[PDB]
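Only one chain comes next, encoded as structure tokens, the form deposited in one PDB entry.
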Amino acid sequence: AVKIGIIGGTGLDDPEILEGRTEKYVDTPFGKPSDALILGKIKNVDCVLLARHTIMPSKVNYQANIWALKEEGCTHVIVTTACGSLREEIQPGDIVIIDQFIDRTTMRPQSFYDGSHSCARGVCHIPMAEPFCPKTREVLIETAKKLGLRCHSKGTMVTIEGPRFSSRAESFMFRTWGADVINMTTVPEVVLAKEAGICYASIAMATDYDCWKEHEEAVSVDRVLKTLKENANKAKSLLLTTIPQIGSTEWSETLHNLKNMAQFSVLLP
């Protein structure tokens, strides 16, 4: 029984899209989620909507958000994020189905197993070699091709602490590190999802070229918002078309392996 958590996914909270709408405020051992969970079906697949933020990315309760989705029975989480492009070839409006990250966050709890919550006792060392679910990514990539969307099949997201944008020296340095796109929210979301044994993937939409590029207008909030206004529908279409493909793919082996990975990453006395 697949159930898809959706974070930041535009306006899928729509009666034309979401059937059986049920709003729900939950509490977790880690505090309150960002918003109420919105339950319902989209193309006959059970979904759980959760708005990520009004709140700086540093302060979003990622632990509570992922814990809530897990407690609701989510097997998958698909997030949508804006991002800056650090590569000429990734143009504003392009989608990037990211497959790696580089952590530049500093203030963020990255584990449920922190020694202070005995629903998560012990110490967890989760592998991150492949942080994003390969099968989900393959469906996203294939669906984007069918929809005719400008889409990159891989890429490394650098997540900065924020809320400030990067300096130019930082932007150039991230390029030398191998980062392709830049944002403020992928970490620790992706990490906590893996700890919970959830298949996690991300739809990243480039909105700007950060500030590395000597021939273009540097990033600002208005530049980001403008590009999203002109392009956000692409991400919504990809997500809507992808959901039923996920609903009719087989997952029991994938989910079993994720469960084992999560389980055997925990050390106990």
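Residue indices: 1-based, along the sequence shown. Heads up, when I say rigid core I mean the largest set of C-alphas that superpose within 1.5 Å between the two forms.
One more form of this protein exists, namely the form deposited in another entry; it is left out here, but the text below deals with it.
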| property | result |
| --- | --- |
| Rigid core superposition between the shown form and the other one: residue from 32, 236, 226, 59 with Cα shift of 2 Å or more | 226 |
| Large Cα shift (2 Å or above) at residue 17 between the shown form and the other one, core-fitted | yes |
| Sense of the change in Cα distance from residue 10 to residue 246 in the other entry - at least 3 Å versus the shown form | farther |
| Cα separation of residue 47 and residue 11 in the other entry versus here, shift of 3 Å or more | farther |
